[PDB]
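Visitor: First portion of the complex, with coordinates as positioned in the assembly:
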Amino acid sequence: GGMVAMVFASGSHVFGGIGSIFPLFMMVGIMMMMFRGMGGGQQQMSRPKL
Amino acid sequence: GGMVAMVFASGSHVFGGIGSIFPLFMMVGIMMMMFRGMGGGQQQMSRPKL
Amino acid sequence: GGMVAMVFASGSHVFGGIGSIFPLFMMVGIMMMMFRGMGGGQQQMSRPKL
Amino acid sequence: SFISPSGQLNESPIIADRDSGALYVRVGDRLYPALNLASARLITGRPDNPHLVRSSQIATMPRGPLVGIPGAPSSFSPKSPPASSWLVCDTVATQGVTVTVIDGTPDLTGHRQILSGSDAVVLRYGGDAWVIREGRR
Amino acid sequence: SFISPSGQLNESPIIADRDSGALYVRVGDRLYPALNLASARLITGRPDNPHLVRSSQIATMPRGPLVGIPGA
Amino acid sequence: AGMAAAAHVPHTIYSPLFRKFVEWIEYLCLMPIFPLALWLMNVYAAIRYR
Amino acid sequence: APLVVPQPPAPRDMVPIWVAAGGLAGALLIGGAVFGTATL
Amino acid sequence: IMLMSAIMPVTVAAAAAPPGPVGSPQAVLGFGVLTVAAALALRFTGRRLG
Amino acid sequence: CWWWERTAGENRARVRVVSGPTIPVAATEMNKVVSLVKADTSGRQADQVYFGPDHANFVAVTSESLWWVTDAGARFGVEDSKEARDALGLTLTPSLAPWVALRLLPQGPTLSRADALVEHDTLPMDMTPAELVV
């Protein structure tokens, strides 16, 4: 968010409108890895073995 | 990289030193998050051993 | 960050490229020491488990 | 699309149709077809080279009649050698001659030689005979 | 090939200089500068577009006087 | 060729390496449909010139 | 002044190529037939 | 010995059939019939495999 | 304005007259009319030329004659023969146009292979040119 804010304060205004699709999809992709993803050493169970 | 490149073609050139620190630090986070999911254990049943 | 910022306000602007490599690499060392500080694990007690 | 959009026209005044290879020059708000690069430079005043532009874009700008000098040179590349060398040559058939101009250093290998010392040759012009030696006739 | 495009001589008879845009047409083993595309097509007999060739390559082949129809 | 294959295939032996190869042909055929259909619909050219 | 064009080259004969192509077409069809029928 | 010897006249007869100067088109069917003759003789004779 | 209109294969063209406050071109396109040089001071040549939407480049006229019109407003004659056609392209069938209009555009030399095969050291200079004003 800081990168986008820095660019907006700088005045490029490149991310306005449809250009925003790059930050938006990245922010969503990061969200998937941190909350879901896969279990650790104490979570050996998974769909392929169950 | 696409998000970074798109800003240079607009001519804002906000990166370098102070600016580049954001994408530089942000880049390490992605590698750590995907590495953590694969680093769940160590045992082998490889073709060379079978 | 305060030490770095104070130099720019003086106008010496010695950072960027050659100079920035010191604070960039130095920044990693601090995080690496706090990581060893949170060392150990596998205790796995937690309010949701109790 | 963001790294190179369609609206970035007018980068230079000498443009060439990327497909047809045709050459155009911009004056005011119109595009005029030029006969050659030499006359395109002189009209514009810049020592530039044609910039290739997509044919779909040049069709959207108003035309004009042909401009320039017909038959002028089409390419420029100035060169400066260490020494300047010229030869005018005559070669006789066996009742007939041809004249050659050479620009650059000659090749003196083989039986070719400088006409030094007592060497001489005799030729005809206007009925008179002339003896060539010491670099004079 | 994408970073710094160029070209090379091939079977095609209508060629143009990669950096100067000049038009040349081959006749036998000799290159003749042509006044325009219309006369270049008509002299060679092939309905086609010019092939861009490296300027250091064009300089090696022999030349001839200008050919074609002026103003076509 | 279809009748020829239909008559000979049921009474012959094929090694695992070849049976595994014919399976993968289906997947290799499915993958290019969407990348090609959008090309035929001119979408990539439409977007690049917006 | 008029331009001196070179004389165009003659097209290669198609007859040797067609019989040669006919040779492989014929030989492979002939050889294949004796192999296939013998399986019966 | 007799069978092996009969292949050469048949081979050159096919190679010489095309009209005009000798060259590429003669080699195409010349080596072609030689290939089929040996392959054909091998299966039905079952001898001199080398 | 006099107007001539025809659809391919119809037995006759439609002739009409139009009038109004301005030439029949949209105000958005008004700025791209071409202004000819007009070296012929007689009343036999036009002052301006405009190419609207769905115009025709390759044209035939009423034994028939073939002509090619450039975007600069000049017209060039094309030989009827297979050589000239096959060499330039122009294999498609031309559209029809009326001689009373087509004759108003300035004419260049015909595109005949028999006359393109010439060499020159220098070309002749053009008398009576016009000024290019910046």
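Guide: Everything's here; your move. Residues are numbered from 1 along each chain as shown, chains lettered A, B, ... in the order given.
Visitor: do you know how far residue A:47 is from residue A:34?
Guide: Separation of residue A:47 from residue A:34 (Cβ to Cβ, to the nearest Å): 20 Å. Yep, even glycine has a C-beta here, placed from its N, CA and C like the rest.
Visitor: Between those two, which has more neighbouring residues?
Guide: The residue with more neighbours, out of residue A:47 and residue A:34, is residue A:34; 10 against 6, by other Cβ atoms under 10 Å in any protein chain shown.
Visitor: Wait, the more buried one touches residue B:32, no?
Guide: No: at 11.0 Å, residue A:34 does not count as touching residue B:32 under the criterion of Cβ atoms under 8 Å.
Visitor: Quick one: name the residues of chain A near chain B.
Guide: Within chain A, the positions near chain B by Cβ under 8 Å from any Cβ of the partner chain are A:2-3, A:6-7, A:10-12, A:14, A:19, A:22-23, A:26, A:30, A:33-34, A:37-41.
Visitor: Let's see which of those end up in strands.
Guide: Assignment to strands by DSSP state E places none of the residues of chain A next to chain B there.
Visitor: Which among these count as buried?
Guide: Neighbour counting over the residues of chain A next to chain B (16 or more other Cβ atoms under 10 Å in any protein chain shown) leaves A:3, A:6, A:7, A:12, A:14, A:19, A:22 as the buried ones.
Visitor: Turn those into CSV, including distance to residue D:10.
Guide: CSV is the format used below for those (distance: Cβ to Cβ, whole Å):
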residue, distance to residue D:10
A:3, 32
A:6, 31
A:7, 27
A:12, 22
A:14, 22
A:19, 24
A:22, 29
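Visitor: Tell me the residue of chain H that sits nearest chain C?
Guide: Nearest residue of chain H to chain C: residue H:24, at 63.5 Å (Cβ to the nearest Cβ).
Visitor: here's chain J, add it to the model above:
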Amino acid sequence: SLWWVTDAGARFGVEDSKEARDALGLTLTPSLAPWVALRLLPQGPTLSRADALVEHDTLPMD
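Guide: Chain J added:
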């Protein structure tokens, strides 16, 4: 006087003025040549900024 010699053999004159020299890219020092040798190449039209600012409908062919 200053001249330009093309690869095709013809020679063209250059008007010795700051604007013509800079427009063509001839702000450089020229090499010497003798008139006996140079006069033998065919001469084309003169190169100058005024000579090029002209429009033509179509070119003639004498």
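Visitor: who touches residue D:85 in this structure?
Guide: Applying Cβ atoms under 8 Å, 6 or more residues apart in numbering or on different chains, we find residue D:85 in contact with D:103, D:104, D:105, D:106.
Visitor: Which of the residues you listed has the largest number of neighbours?
Guide: Comparing the contacts of residue D:85 by number of neighbours (other Cβ under 10 Å), residue D:103 comes first, having 14 neighbours.
Visitor: Look up how far chain J lies from it.
Guide: 7 Å (Cβ to the nearest Cβ, to the nearest Å).
Visitor: Repeat that for residue D:3.
Guide: Counting by Cβ to the nearest Cβ, the gap from residue D:3 to chain J is 32 Å.
Visitor: give me the number of residues near that residue?
Guide: Other residues near residue D:3 number 10, with proximity taken as other Cβ under 10 Å.
Visitor: Same question for residue D:23.
Guide: Neighbour number of residue D:23 under other Cβ under 10 Å is 22.
Visitor: Equivalent analysis for the one 4 residues further on, please.
Guide: Residues contacting residue D:27 under the criterion other Cβ under 10 Å number 16.
Visitor: quick one: contacts for the closest residue to it other than its chain neighbours?
Guide: Using Cβ to Cβ, 6 or more residues apart in numbering or on different chains and skipping residues adjacent in sequence, the residue nearest residue D:27 is residue I:134, 5.7 Å away. Residues near residue I:134 by Cβ under 8 Å, 6+ apart: D:27, D:28, J:53.
Visitor: Secondary structure element holding residue I:134?
Guide: Per DSSP states H and E, residue I:134 falls between elements, in no helix or strand.
Visitor: just residue G:37 next, same as before
Guide: helix G:15-38.
Visitor: any idea how far chain H is from the closest residue to residue D:52 other than its chain neighbours?
Guide: Of all residues not flanking residue D:52 in the chain, residue D:18 sits nearest, at 4.2 Å (Cβ to Cβ, 6+ apart). Between residue D:18 and chain H the computed distance is 41 Å (Cβ to the nearest Cβ).
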